[PDB]
Structure formats: structure tokens, C-alpha cells
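The chain below stands alone, shown as C-alpha cells; this is the form deposited in one PDB entry.
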């Protein structure tokens, strides 16, 4: 009959669309997610420690850890000639259960394939997720956007009113194409096949030699990962496709065992390096793949999209509540593009590592001449810095925003402006991270002078703000300055042992007004 009314219309029900939905939900912003219900892309099971911190904010981290990934399954990354052949190099990474509890984060990375993450994110989001719904089209108006969604379950079509429209329609984003925004390739496009197969006993056979992922060194086409998706029988084999040999043949090539193998799917997927020239066109925005696609080498892809959705999340709400400066939305691209590009390059440095590593003559050679050749590689491989692909704390946490709303100061955790406020335990159950996520938060160590001042400045502009006084010195040390200001996203916006005189000039700068 009449149009639907919501502030933010999310296009794309994948992890990123859901993340934006969860954060917006926690900021009390009315939204609606439409997913055609009907994405040829890498497989993607890992969730970085930074994304796990965001899900902690949203109360779903636990559900993700108990989703189904077995706790006694290895997390090792192993380089081999074949899965069951000679092992060349290995990075022990323990199991989910028994492993060193991280010191720089309260939430270590996690495993949760799509056939588990999807239902999770769906329930956490609830009714505001309209599955099996297709966007017919969208027209942009002066103060809002108008779309048309067809309920693919009933056939009915419905018009939707919305202050803003955010698209997460993947790397092929129609919305981006429609907005006439381009995303030229930052690096060469390669082709790969994702062979999903089931090996009921593959794990039993391997035993202690199992691994979250196996890097193959068997051929030009078979020198790519073989991952345990659910550590319960499901596996994915990546194989390189020259520019242009059978599914079951290949899998049987990768695995040295004579055990039951059932191929479930075998599909192509382009590996691309594309960052959109723009992240928005007026009232329509772009997140995740639609704005920045990278190589899955390092799992930076999804974390950068979830990291971007969260940034757009509090900037959308702020403009909606009316307290952000008219220039704050513009900062989404100003801060998130450079991160996407930095993560893109590093992902590429991991991809290159694998492509350039030429494979020796008698590598899969048995007995010593071979044991020695393989030993050789195990060293050059480590010399090439393989571990970087799995231990990259600088990509997960190390991203400092240099922008018009961070009073900048001209790996190891820093409370440096534009950076993510470091982790520290205030109590064995509450991390400092747990204070960030709502509105601005002012931290003070020892002193409390000048706080009544800021409290009012922010209050002058309705800018939500919380002030916390902390005491232990370890944290005070870690954060350095006496007064640290954290944005709704948990990144430092300013710090110093003394609050500057005209606070209005400050509040206005951080909210993106002046």
C-alpha cells in the first residue's frame, strides 16, 4: 500500500551487511536488510581477532566460538608435497581449546564457516532481515532514497523510504556499477577453482598431522591451500587455473590417502584487487567487497569489510541523531579507503610469496636426497617469511587513521591518535575495550580536573560522551597520556596530559563539523 520507512537500508545479507546491522542495532538505528537469498567467492572461515572484538561488543562472539568448530582440532598451517605426503614446513598454532590466551586482545581469532556464521548473524539480527528479498531498483531523492523490494516468497513488491542506503552486494556490486563508480585492478586477476569435497576419515588418517590448512607444493596448479572447513569431514581444495584435470582426479592428487572422497562442488572464482574510486555517491554508500576486494591470503578481506561497516556504523547514526558535523560521513572514505589499500597490498605480499616460491625437482622424492631437498625449502620458505601470513597483528590491529578529525601526532599497541585504543584488563572480566562502542569516551589517569569542562562542551553539542577515571598504572603507562579520548569506534581521537583551552574547537573537529 504505502512505502516502508527506515533510516538505513542494507543491501546484501552477507557477514558485512549483518555486521552493519548488528552495530546499527546497538546504536538504536532503524534498519532493514534485504538479501536476494540467491556469490562465487573464496571460502573464508577465519575471523580475525579485531572482528572478534567487534562481535564481542555486539554480544555474538560466544555464539561464534561455540558454533561448531571442534575445539580439539589443530590450527596449524602446514606446507606439504601432498596431504599425506612429505611435510616440509609447519606453524604450530595449537587448538581452539588449549592455546596461549593472547595478550594484546581479549578475543583471539576464530573459525566459523558460512554454513554456521550465516544462521548466527541472522538470528542475532532478527526480523529486520528480509531474506529472499530482491532490490528491483533504487532512486535517490534529495533527503532520502527510494527502492523497490520484491518479496521473492510472496511475489509482492514494496517501496522503501530511507535516509541512507548501504550496499554490500559483493565484489560485483551492481550498485557500484549503477552509481558509475569504477574499481580498477591494483594487481593482476587470477583464476582458481574451489573444490568442496567430503572425506569422512581424512582426519583420522592424518591424526596428529592434521591442520587447519595445507599449502600444496605439488605443481603450478596444485600449490595452493587445502582447508579443513568444519574439521568434521568438509574440505576445500583451491587449484590454480592457467588462463585456459578433473574434480575427483585433482582432489585425489592432493590427498595421498586411498579413502572415501565425495566432491560436492567445484566452481571458479576470480581473485581480484579492486578498491572503488569512491565509497559513496550522495546518500548511497558501499561496504565490504563493493568498496574494497583483496586477496584472501591472510584473511584480511572480511575483517576489512567488518572494520569498515563499523566505521560507517557510528558515522551514520551520528548524522541521524543529528550531532555529527555535515562533514563526518565523508570521513568514512577518508579513513577506510587507505586501510583497505594497505590491507590490500599486504594481502598481495602473501599471495606473491606463494606464487614466486618455485618448486624443486625431486621435492616429492622419497628418502634422503629428497629429505634434504625438502629441508632446503623448509628454510628458504621460513626465510621468505611464511609465518607473516598467519601471524599478522599489525594488519589486524595496526591501522592508524590520519584524518580531518583526529588531532594526529607527527607490532606494539599504541593509544596514539587515529589508532585503536589498546587492550588491558580493568578487572579479570572487563577489558578496556568494553567501554568503547557507544559514544565518545574520555579516559583519565589519576586526575579529574578539566573533565567537568569537556563534559559540558560535548553536552553543548549533544555529542554523547562518557567519562571514566582509571587508576592502575600499567594501563596509565600503556596509554601514556593522562587524558585519552576514544571515538565510538574505539580509535583514539586525541590525547595529552592537559585538555586544550577551546574545547568547542575540539568537539567540533572530532564530530566532523569544523
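Throughout, rigid core stands for the largest set of C-alpha atoms superposing within 1.5 Å between the two forms. Residue numbers count along the first chain shown, from 1.
- Query: Between residue 410 and residue 411, how many deposited residues lack coordinates (none, 1 to 3, 4 to 9, 10 or more)?
  - Reply: Gap size class: 4 to 9 residues without coordinates, per the record.
- Average Cα temperature factor in the PDB entry - higher stretch of 55 to 63, 458 to 466: Between 458 to 466 and 55 to 63, it is 458 to 466.
- Task: Compare the mean C-alpha B-factor of 470 to 478 with that of 485 to 493 as given in the PDB entry, and name the stretch with the higher value.
- Result: Looking at the recorded C-alpha B-factors, 470 to 478 comes out higher on average.
- Highest recorded Cα temperature factor - choice among 336, 380, 193, 274: Each of 336, 380, 193, 274 was compared by C-alpha B-factor; the highest is 380.
- Task: Tell me, please, which of 49, 446, 30, 70 has the highest C-alpha B factor according to the deposited entry?
- Result: Highest C-alpha B-factor among the listed options: 446.
- Message: Looking at the temperature factor on the CA atom of residue 136, which third of the chain's modelled residues does it land in?
- Response: Top third by C-alpha B-factor.
- State the tercile, meaning the lowest, middle or highest third, of residue 171 with respect to the CA B-factors recorded for its chain. CA B-factor rank for residue 171: middle third.
- Message: What third of the chain does residue 145 rank in for C-alpha temperature factor, lowest, middle or highest?
- Response: Middle third.
- Which third of the chain does residue 510 land in by C-alpha B-factor: lowest, middle or highest? Its C-alpha B-factor, which the entry lists for residue 510, ranks in the middle third among residues of this chain.
- Message: Quick check on the deposited entry: does the C-alpha B-factor of residue 258 sit in the lowest, middle or highest third of its chain?
- Response: Answer is middle: the recorded C-alpha B-factor places it there.
Below, we turn to the form deposited in another entry, even though it does not appear here.
- Taking the rigid core as reference, which of 371, 262, 201, 151 is displaced at the C-alpha by at least 2 Å between this form and the one not shown? Between the two forms, the residue that moves is 151.
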